[PDB]
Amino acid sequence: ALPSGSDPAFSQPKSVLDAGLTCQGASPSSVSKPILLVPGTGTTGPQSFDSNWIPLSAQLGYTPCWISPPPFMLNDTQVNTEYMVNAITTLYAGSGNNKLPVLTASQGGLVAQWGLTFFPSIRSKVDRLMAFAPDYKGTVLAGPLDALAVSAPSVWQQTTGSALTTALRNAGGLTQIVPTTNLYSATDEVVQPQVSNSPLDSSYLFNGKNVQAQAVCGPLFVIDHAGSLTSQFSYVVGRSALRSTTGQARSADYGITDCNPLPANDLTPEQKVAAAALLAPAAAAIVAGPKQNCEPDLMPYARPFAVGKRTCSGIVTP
């Protein structure tokens, strides 16, 4: 049984959360068919999606909207989730009180699932989740202690074994909460482990539509972390998920002829070039960003689910 009852309090002023939400060509308070895009570590919304799902979702008939939690998704993943929860509240009312899809890149999927686990109000407002390379179990490649012995808050949190990923799993968050499709790759160079095509993989959610590219395209098919978001294969799976009456991608809607690892066909030449360079700003943001030597404390609503772990203030207690 998941957390129920009232939503946790926000730590951020609402005005700050509002400033992080933008829609292309519309206000989030008056928008037709919004899709909420949640970016990856080290990026803003436009950096994650300008070269891919902002144009691609527009051509499918959605108004692209996004959050850009500062600085570049490097702060506390629990604060990044406040931006998403506030955005869902706003876009739900702003689209006529209609459920909306959420589409994510890397950490953005962890944020979405964290929000669905701990903020019950949004469960009735999210139609489906389409997550590209989500790291629900974190990654064994996060490397918070590689090179400098300090790393961004959200990098600690995305490290395998972290208090945050422990709390998500222990609270029941590795089972899908809304209809979810997870698209990922065994050759992801950022998120591992992803090789088993099974619940061991970081992108896997129980009862989700878990699509490891190599299970469809073969063991030597190669797409990396950025290509998991931008590829033509990824587009076909995401399109199926967004159109599906079940809320999940359908195996019938894609196949071996879609196994194209290059940027999605419908992107402009400029977008395809930008898609190849997707993570370049992320490295600069990380170098310039906040860094610390400990994992951020869990907020009170999550503390009971990671008792015994160690965060900045000490040992987690209930």
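Just count from 1 along the sequence shown to find any residue number.
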Averaging only over Cα atoms, indicate whether 130-138 or 93-101 has the higher B-factor in the PDB entry.
93-101
Per the PDB entry, mean CA B-factor is higher for 283-291 or 34-42, namely for 283-291
Among 85, 167, 177, 220, single out the one with the highest C-alpha B factor in the record, please.
220
Based on what the PDB entry reports, which of 111, 149, 152, 215 has the top C-alpha B-factor?
149
Considering every modelled residue of the chain and its Cα B-factor in the PDB entry, is residue 69 in the lowest, middle or highest third?
lowest
Relative to the other modelled residues of the same chain, rank the CA B-factor of residue 307 and answer lowest, middle or highest third.
highest
Relative to the other modelled residues in the chain, which third contains the C-alpha temperature factor of residue 199: lowest, middle or highest?
middle
Lowest, middle or highest third: where is residue 21 by Cα B-factor in its chain?
lowest
Where does residue 244 sit by CA temperature factor within its chain: lowest, middle or highest third?
highest
